[PDB]
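In what follows, a single structure is set out as structure tokens and then discussed.
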Amino acid sequence: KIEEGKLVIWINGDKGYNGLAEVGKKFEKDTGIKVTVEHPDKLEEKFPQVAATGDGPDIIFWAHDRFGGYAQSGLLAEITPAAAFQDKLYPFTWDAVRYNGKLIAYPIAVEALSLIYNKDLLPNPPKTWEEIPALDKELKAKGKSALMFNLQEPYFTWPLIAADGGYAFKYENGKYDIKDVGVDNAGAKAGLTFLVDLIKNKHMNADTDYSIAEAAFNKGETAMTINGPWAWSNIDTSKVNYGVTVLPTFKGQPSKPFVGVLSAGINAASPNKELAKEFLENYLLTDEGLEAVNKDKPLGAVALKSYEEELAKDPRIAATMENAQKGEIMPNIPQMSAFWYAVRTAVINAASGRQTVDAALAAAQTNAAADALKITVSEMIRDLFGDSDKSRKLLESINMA
Ligand SMILES: OC[C@H]1O[C@H](O[C@H]2[C@H](O)[C@@H](O)[C@@H](O)O[C@@H]2CO)[C@H](O)[C@@H](O)[C@@H]1O
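Residue numbers 1 to 370, 1351 to 1381, in the authors' numbering, belong to the letters of the sequence shown in order.
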């Protein structure tokens, strides 16, 4: 199903995929082995669908939060870096791609959202979310807006929902409690309410997506946006005079973005596991490898110590790491995809006025908790009854669409 003797790589469309394809060319030049980089739509859903039938790319790139799930489903090969190779990347990046004791991906870079602002429209960007309504009125009088960011992906609204107490799964004593979901508590509700009120009072539009936000910021129509490192080179080319800074506070609490570690996994179905490791260890995770990708779209703070040090003085990366330190590294547990699906629905339904904030988050809490538990009890049934028809029939009924 997967062709032997070449490498197929999937990476998200906002990432430096042409830069990655140049690393693939260097590899073709040395080894004679061809490398095709693709950025399919809805990658993180596509990968488990094809990989489950034994198909898909040799290498999958995504933030580490989806990897525990892919690993629980048997879609990923355990990786085999030697100790010398492991020494080249920071310890906390290895930790993010460790699942049940096993390394399940190669860490590439640490990403967090920051506030991005146009210095010509707004020399002094707001410290607090609460100042945005008055700032938007001032800017509307000049034919501009205060803030636009992607409202269709809950990743972008999460920092605000988390500011006053929203959380995915409660983390204590080194473990996530999968029954303790923080999606409908008073702090989550307050943050989503603030966002919905911005929409109701006409300071933002519920339909705003990634491309709408990026164009408007890059063409100077809005004074602020919320985005990651991968967005910066488009802003460089647009010549807007921008700064990257700390997210505004909400109720005097820091915004708490969920932090991702962009990682590369090897497909368990892949007949090229050795070729894949040669590429990632010896071509991509080198100074020259990461530079080709970073020069395409910035990676953030990369996992490779040698090249991290080279980019450490960039104020935009310092701001990134200042926001990351206020937030938290996402869990990689298999229950994360349940969390994200439930919160996506809540934000879109609350924003568009289809449900109240209270109803939207009540149902997201219920759905997230129920789906997490279905993941949990599935693994338990397999431990009890093995890989068997009995356990297959229990699981089909338990996870019934
Ligand atoms: O919106 C939920 C979504 O958040 C994160 O996805 C990010 C990704 O980590 C970033 O690299 C960037 O590309 O934007 C994505 C959001 O559009 C989680 O990694 C992802 O699993 C989750 O569904």
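All residues carry an ideal CB built from backbone N, CA and C; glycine is no exception.
Separation of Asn349 from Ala360, as counted between CA atoms: 7 angstroms
Report whether the distance from the Cβ of residue 1458 to the nearest heavy atom of ligand 1 is below 7 angstroms. Nothing about residue 1458 can be read from this structure; the chain reaches only from 1 to 1381.
Taking the alpha helix (DSSP H) that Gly289 belongs to, which residues open and close that run? 287 to 296
C-beta contact flag for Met224 and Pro81 at 8 angstroms: no
Indicate the three-state DSSP secondary structure (helix, strand or coil) for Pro81 in the structure shown. coil
Start and end residues, alpha helix (DSSP H) containing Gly243: Not the alpha helix (DSSP H): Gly243 falls in the beta strand (DSSP E), residues 242 to 245.
Between which residues of its own chain and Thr157 is the CB-CB distance below 7 angstroms, once the five residues before and five after are set aside? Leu151, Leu195, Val347
When you measure from the CB of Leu262 to every non-hydrogen atom of ligand 1, does any distance come out below 7 angstroms? yes
Go to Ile104, then tell me how far its beta strand (DSSP E) extends in each direction, as first and last residue. Looking at the DSSP string, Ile104 is not in any beta strand (DSSP E), and its letter there is neither H nor E.
Per DSSP, cross-strand counterpart(s) of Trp62: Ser263
How many Å lie between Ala351 and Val357 at the Cα? 8 angstroms
What's the gap between the Cα of residue 1464 and the Cα of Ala146? Nothing about residue 1464 can be read from this structure; the chain reaches only from 1 to 1381.
Looking at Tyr155 and ligand 1, is the gap between the Cβ and the nearest heavy atom below 7 angstroms? yes
Excluding the 5 residues flanking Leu275 on each side, which residues of the same chain have their C-beta closer than 7 angstroms to its C-beta? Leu7, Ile33
Grouping DSSP H, G and I as helix and E and B as strand, with all else coil, what is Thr356? coil
So, are the CB atoms of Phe1365 and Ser1371 less than 8 angstroms apart? yes
Indicate whether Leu262 and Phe61 have their beta-carbon atoms separated by less than 8 angstroms. yes
CB-CB under 6 angstroms to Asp184, same chain, minus the five flanking residues each way: which ones, in chain order? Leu361, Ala362, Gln365
Sorted by chain position, which residues of the same chain lie with C-beta nearer than 6 angstroms to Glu38's C-beta, five sequence neighbours on each side aside? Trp10
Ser306: first and last residue of the uninterrupted beta strand (DSSP E) it sits in: Not the beta strand (DSSP E): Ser306 falls in the alpha helix (DSSP H), residues 305 to 311.
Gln253 - partner residues in DSSP beta bridges: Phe250
Quick one: what does DSSP say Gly19 is sitting in, helix, strand or coil? helix
If you measure between the beta carbons of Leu192 and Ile161, is that distance less than 8 angstroms? yes
Determine, using beta carbons only, whether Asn323 and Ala96 come nearer to each other than 8 angstroms. no
For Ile1378, count neighbouring Cβ atoms within 10 angstroms of its own Cβ and tell me buried if that reaches 16, exposed if not. exposed
Can you tell which of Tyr117, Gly5, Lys189 has its C-alpha closest to the C-alpha of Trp232? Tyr117
Per the DSSP calculation, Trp129 is bridged to which residue(s)? According to DSSP, which records beta bridges pairwise, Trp129 is partnered with nothing at all.
Going by DSSP, what residue range makes up the beta strand (DSSP E) through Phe149? That residue, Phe149, is in no beta strand (DSSP E); it is neither H nor E in DSSP.
Taking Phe169 as the reference, give the member of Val259, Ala1352, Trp94 with the closest Cα. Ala1352
For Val50, collect the residues of the same chain with a Cβ closer than 7 angstroms to its Cβ; drop the 5 residues on either side in sequence, then sort them by chain order. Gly56
Could you check how far apart the C-beta atoms of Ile266 and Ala109 are, in whole angstroms? I think they sit under 8 angstroms. Actually they do not touch by this definition, with Cβ atoms about 18 angstroms apart.
Figure out for me which residue from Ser1368, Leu1374, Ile212, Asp1367 has the closest Cα to the Cα of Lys1354. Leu1374
Does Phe27 pass the burial test, meaning 16 or more other C-beta atoms within 10 Å, or should it be called exposed? buried
Just to confirm before moving on: does the CB-CB distance between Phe92 and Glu281 stay below 8 angstroms? no
In three-state DSSP terms, what is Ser270? coil
Is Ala63 near ligand 1, in the sense that its beta carbon is under 7 angstroms from a heavy atom of that ligand? yes
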